[PDB]
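K.L.:
Numbering (our numbering), first residue to last: 83 to 228.
We put the CB at the ideal spot given by N, CA and C, even for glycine.
1) Determine the direct distance from the alpha carbon of residue 133 to that of residue 144, and round the result to whole angstroms.
2) How many Å lie between residue 90 and residue 101 at the Cα?
3) By DSSP's criteria, residue 84 is part of a beta bridge. Which residues make up the other side?
4) Should the segment 202 to 219 be regarded as contacting the segment 152 to 169, the criterion being three or more beta carbon pairs within less than 8 Å?
5) Mind the definition here: the segment 190 to 200 touches the segment 123 to 130 only if three or more C-beta pairs lie below 8 Å; say whether that holds.
6) In terms of residues, what are the limits of the beta strand (DSSP E) holding residue 131?
7) Nearest-angstrom Cα distance between residue 177 and residue 84?
8) Spatial neighbours of residue 113 within its chain, please: C-beta separation below 7 Å, excluding the five flanking residues on both sides.
9) Thinking C-beta only, is residue 225 closer than 8 Å to residue 258?
10) Once DSSP output is grouped into helix, strand and coil, what is the label at residue 186?
11) Given residue 213, which residues of its chain have a CB within under 6 Å of its CB, disregarding the five upstream and five downstream residues?
12) Thinking C-alpha only, which one of 146, 221 and 110 is nearest residue 168?
Shown next as C-alpha cells:
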C-alpha cells in the first residue's frame with residue numbers, strides 16, 4: 083500500500099497511453115486534449131466525436147471516457163477492448179459485436195478509419211511491428227483481414 087518501489091516495467095510500455103480521459107460529453111464541451119502517462123498531450127478531434135455521438139446513445143455520452151484503448155493480442159489479429167463497460171458497450175453498438183474481450187482486426191480498422199483520434203492501440207511488437215506491417219500491406223495493396 084504505502085510501499086516503496088512501484089516498479090517501472092509497464093510504465094515505459096504504457097507511457098504513450100492516456101493517463102486521463104474525457105467523456106464524449108466533455109469532448110463536445112471542448113475538452114479535446116488528454117494527457118498521456120509520459121505527460122505528453124494528444125488532441126482529440128471534435129469532429130470525430132460529433133459523428134460518434136450521432137451513433138452512440140445519449141446515456142453513454144458522460145459514461146464513455148475516450149480515447150478508447152485496444153490492447154492488441156500478442157500474436158493474433160484480435161484486440162482487447164479496454165476502458166470501462168460503457169466504452170465496451172459503445173464498441174458493441176458501433177460494430178454490432180458482442181464484446182466479450184476482443185474484436186477482430188477488421189473491426190478495429192473500421193473504427194480507426196471512422197474515428198482515428200479517439201483510439202489508442204497498444205501494439206504488441208511481439209509478433210511483427212504493426213507499423214512495418216502497414217507498409218508491407220500497402221505494397222501488396224491489401225490489409226490482411228479475417
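P.N.:
Per the coordinate set shown:
1) Straight-line measurement puts the Cα of residue 133 at about 16 Å from the Cα of residue 144.
2) Each residue's alpha carbon lies about 15 Å from the other.
3) Residue 84 pairs with nothing; no bridge assigned.
4) At 8 Å Cβ cutoff, the stretches touch.
5) Contact between the segment 190 to 200 and the segment 123 to 130 is present, because at least three Cβ pairs lie under 8 Å.
6) That residue, residue 131, is in no beta strand (DSSP E); its alpha helix (DSSP H) goes 128 to 135.
7) Each residue's Cα considered, the two are about 42 Å apart.
8) Taking residue 113 as the centre and dropping the five residues before and after it, the same chain places the C-beta of 104 closer than 7 Å to its C-beta, in chain order.
9) Because the chain spans 83 through 228 in this model, residue 258 falls outside it and cannot be assessed.
10) Residue 186: strand per DSSP, three-state reduction.
11) The beta carbon of residue 213 sits closer than 6 Å to no other beta carbon from its chain once the five residues preceding and following it are set aside.
12) Looking from the CA of residue 168, the closest CA among 146, 221 and 110 belongs to 146.
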